[PDB]
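Per chain, numbering begins at 1; letters A, B, ... match sequence-line order. Hydrogens, waters and symmetry mates play no part in the numbers below; they use all other heavy atoms, side chains included.
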Amino acid sequence: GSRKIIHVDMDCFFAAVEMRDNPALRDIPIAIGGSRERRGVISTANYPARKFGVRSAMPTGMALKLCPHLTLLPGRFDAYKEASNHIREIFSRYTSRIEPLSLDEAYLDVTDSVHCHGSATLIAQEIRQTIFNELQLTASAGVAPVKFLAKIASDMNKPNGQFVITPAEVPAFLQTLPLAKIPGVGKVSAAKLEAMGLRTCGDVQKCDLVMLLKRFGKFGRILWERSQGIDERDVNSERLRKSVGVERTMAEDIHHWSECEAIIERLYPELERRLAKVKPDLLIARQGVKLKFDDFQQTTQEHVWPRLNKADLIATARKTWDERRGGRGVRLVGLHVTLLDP
DNA sequence: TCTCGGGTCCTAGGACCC
DNA sequence: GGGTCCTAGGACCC
Ligand SMILES: Nc1nc2c(ncn2[C@H]2C[C@H](O)[C@@H](COP(=O)(O)NP(=O)(O)OP(=O)(O)O)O2)c(=O)[nH]1
Ligand SMILES: [Mg+2]
Ligand SMILES: [Mg+2]
């Protein structure tokens, strides 16, 4: 009853495609992200820039303090999508059991695949080669019997490598595995678990499920299962998008509704075009708005509504702006829809 | 350094249905 | 009293 899962993850994705496309970027530190005047964060960085401490999600101000020669790119989304499509077309050559998690990443279930004497190890290696040939980009991969461990596997010899975990290896692997490396356990959760004296999967194995259920709910069952190596989640292939949103962060906090309103007018065309792309009639389940203040509270107002409408989005943004700003500057405005179900 | 924009899934109270 | 819808927010991931 053992499956074979591969997680494939491109290396330094956005930056890899920039450096391929312009090689003077290879050995100098670069990153894709908004400028510090635009109040941006880093989307990603290349290895020369990570060496200085630059990471995804870091404020751009902080990146340039740390790495003052940082060349900042705005990023070219069609180029990244062109590459993404090609790599999924490549995965398709080996199986149809494909679950993408982003542009750069996917799970494959190759249990019932006959491509390299049924070797998951060899299949992954053949996919990383071939991606390298063809795209001149490099990928890493993790091979394992369940999703989470393939994904964790894939970070252990990156860049441009891969790592396998056999069922026989799983237990020693879990013993000292930090809970924080499990997907879905982030900062807030890791620190709650540390406070109870739980750092690794090992520690959690010595724990009562019933208590994990009391302290954390469905998530506590997931921890318990994941600590044991249990992950019965199946590679899907049928996932579909459920919402589309658009939001922008102004270089300067804004203080008057005239300014907010001017911001929405710019937002709405972008949201209408993105939504037309997958729903030409513009029919939806709900639409709504979002503001984020000065001090990072953030509220949303969203309701049932049958078709994208600009003025209603302006109405609500007005109410929301009257009723829950209280004199704080606003750093971002956003719009949003929830897509019909089937 | 001062904190993005695209999403996903989980929770939870009161409404509403039976 | 027990489902399921409706809304808002939070944690998380890429
Ligand atoms: N806007 C934004 N984009 C991001 C963020 N994180 C990632 N991206 C975009 C930019 C990334 O290029 C891409 C894939 O994300 P990863 O696989 O998490 N990291 P990469 O592939 O860059 O590095 P590694 O070699 O360690 O895999 O997604 C973020 O916080 N914000
Ligand atoms: Mg990657
Ligand atoms: Mg990824």
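- Mapping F219(A) and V244(A) onto DNA chain B via the closest heavy atom, the residue that lands nearer the 5' end is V244(A).
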Pairs counted only when both distances fall under 3.5 Å, Watson-Crick or G-U: show me the 5' to 3' dot-bracket for DNA chain C, [ ] for pseudoknotted crossings and | for other-strand partners. ||||||||||||||
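- The side chain of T249(A) lies closest to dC4(B) when the candidates are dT1(B), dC4(B), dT8(B).
- One atom, CG of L332(A), and another, P of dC2(B), lie 19 Å apart when rounded to the nearest Å.
- Between the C1' atom of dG7(B) and the CG atom of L335(A) lies a distance of 16 Å, rounded to the nearest Å.
- The closest donor-acceptor contact from the side chain of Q205(A) to the backbone of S227(A) lies under 3.5 Å.
- Rounding to whole angstrom units, NE2 of residue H303(A) and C1' of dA15(B) are separated by 18 Å.
- Using a 4.0 Å cut-off, some side-chain N or O of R274(A) falls inside it from OP1 or OP2 of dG6(B).
- Within the nucleic acid shown, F296(A) comes within 4.0 Å of at least one base atom, counting heavy atoms only.
- Side-chain proximity of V188(A) to the nucleotides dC6(C), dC12(C), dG9(C) is greatest for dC12(C).
- For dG6(B), the ring torsion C1'-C2'-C3'-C4' comes out positive, which puts the sugar in the north group.
- The CG atom of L64(A) sits 10 Å away from the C1' atom of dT1(B) (whole-angstrom rounding).
- Residue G288(A) is classed as having no contact, given no heavy-atom separation below 4.0 Å to the nucleic acid.
- Judged by distance alone, the side chain of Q287(A) and the main-chain N or O of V337(A) form no donor-acceptor pair under 3.5 Å.
- Between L101(A) atom CG and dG7(B) atom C1' there is a gap of 12 Å when expressed in whole angstrom units.
- Among the nucleotides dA8(C), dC14(C), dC2(B), the one closest to the side chain of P59(A) is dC2(B).
- Close to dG7(B), at under 4.0 Å from its OP1 or OP2, lies no side-chain N or O of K242(A).
- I222(A) places its CD1 atom 12 Å from the P atom of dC13(C), with the value rounded to the nearest Å.
- In the set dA8(C), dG5(B), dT8(B), the nucleotide with an atom closest to the side chain of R248(A) is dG5(B).
- The phosphate of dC14(C) has OP1 or OP2 within less than 4.0 Å of a side-chain N or O from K151(A).
- Annotation for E232(A): atom CD does not count as buried by contact number, only 12 or fewer foreign heavy atoms lying within 6.0 Å.
- No contact: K290(A) has no heavy atom under 4.0 Å from any strand.
- Atoms NZ (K187(A)) and P (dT3(B)) sit 18 Å apart, rounded to a whole Å.
- Looking at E169(A), its side chain does come within 3.5 Å of a backbone N or O of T166(A) through a donor-acceptor pair.
- The gap from the P atom of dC12(C) to that of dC2(B) amounts to 25 Å, rounded to the nearest Å.
- Within the 4.0 angstrom heavy-atom criterion, no nucleotide atom of any strand lies near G34(A).
- When atom types are taken as modelled, the side chain of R233(A) and the backbone of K147(A) share no donor-acceptor pair closer than 3.5 angstrom.
- Under the 3.5 Å distance criterion, the side-chain polar atoms of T60(A) are matched with a main-chain donor or acceptor of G34(A).
- Following rounding to the nearest Å, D294(A) (CG) and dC2(B) (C1') show an atom-to-atom distance of 13 Å.
- Side-chain contact check for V143(A) versus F163(A): every heavy-atom pair is 4.5 Å or farther apart.
- Listed for the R226(A) side chain is no donor-acceptor partner under 3.5 Å among the backbone atoms of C201(A).
- No side-chain donor from either of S154(A) and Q162(A) sits under 3.5 Å from a side-chain acceptor of the other.
- Checking the phosphate oxygens (OP1, OP2) of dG7(B), no side-chain nitrogen or oxygen of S102(A) falls inside 4.0 Å.
- Here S189(A) lies in heavy-atom contact (under 4.0 Å) with sugar-phosphate atoms only.
- Among the heavy atoms of the strands lying under 4.0 Å from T299(A) are primed sugar atoms or P, OP1, OP2 only; no base atom is included.
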